[PDB]
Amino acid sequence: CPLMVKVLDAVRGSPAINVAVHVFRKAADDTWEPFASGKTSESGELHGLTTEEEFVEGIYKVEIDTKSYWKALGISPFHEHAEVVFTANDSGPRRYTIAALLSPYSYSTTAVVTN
């Protein structure tokens, strides 16, 4: 898969397990079209979101459902979701890892891009 998402929990020191991740791709009419979705595993990783054939160039938005995650842990979350927006494959196909580190009132995200 050319697009992996990894999510970590900064409160418990663990991977963020069973976190819903939605990926959208910007359409011609400037609206967000559903592209792919899934849940993080026991390792906090989400593999198999897409394939090389489906992952075309475009502007993508990765929405991480942090609200449900904190609510299920009984913690009061600030953010509705963690939203990462970027242009992908504009200079040819690349592999992307989008990582996110979550806290109730803060999040950090980084990207690892390889050719």
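In this text, residue numbers run from 1 along the sequence as written.
- Between 40-48 and 26-34, it is 26-34 that carries the larger average Cα temperature factor according to the deposited entry.
- Look at the mean CA B-factor for 74-82 and for 57-65 in the entry; the higher one is 74-82.
- You'll see in the entry that, of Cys1, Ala111, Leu8, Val5, the Cα B factor peaks at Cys1.
- Compared with the other modelled residues of the chain, the Cα B-factor recorded for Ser14 ranks in the middle third.
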